[PDB]
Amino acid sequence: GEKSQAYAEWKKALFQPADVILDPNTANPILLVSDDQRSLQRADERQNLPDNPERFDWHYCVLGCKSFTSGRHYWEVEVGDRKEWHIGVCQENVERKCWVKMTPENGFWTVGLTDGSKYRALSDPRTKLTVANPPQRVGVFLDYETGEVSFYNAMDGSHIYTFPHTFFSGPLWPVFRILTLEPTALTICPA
């Protein structure tokens, strides 16, 4: 209905539609990236993969194949009924090898779901969210120039979370994190 149409018209009016694909070279070894680079699952156990510098070795993260150094961009992710997932953006310069907390101070702007029902923003400390309708599809919205990262229910247009406006250092990558083994993959919607 009207709320979906207005969500469509807003994203079209102001945000460059990103066509995002997963970069398997960056993916933590426990992650499985689909051949078409749209879908993300977790393996039972870490695969034997090279620890090249670009690969996340601690966090169960993967990046997109393109970064943003300017402009407004959006993309949508089919989270469906998956009980655990976090998505957003992170800086090129994040710690990929050693333990760090995924927080804006450490260069990550992400939100998501734990244990089926606990929505959080990964602020420091974590922000417990109240979500009246669990999203099946999440829109990720970036405005580089104003330091804005926001998240919507892409089916009904309802707002989920907006980080405080910040200042970004260097390129921002789409980032995806899953900690659990379960049937429903994360799937990127094509532009």
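Quick note: we count residues from 1 along the sequence shown, nothing fancier.
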Inset, instruction - Return whichever of 67-75 and 96-104 has the greater mean Cα B factor according to the PDB record. - result: 96-104
Inset, instruction - Tell me which of 127-135 and 32-40 has the higher mean C-alpha B-factor in the deposited entry. - result: 127-135
Inset, instruction - By the entry's C-alpha temperature factors, tell me which of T26, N153, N48, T162 sits highest. - result: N48
Inset, instruction - Sort the modelled residues of this chain by their C-alpha B factor and say whether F176 lands in the lowest, middle or highest third. - result: lowest
Inset, instruction - Please rank the C-alpha B-factors of the chain's modelled residues and tell me whether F167 sits in the lowest, middle or highest third. - result: highest
Legend entry - Entry-reported Cα temperature factor of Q91, expressed as the chain third it lands in: middle
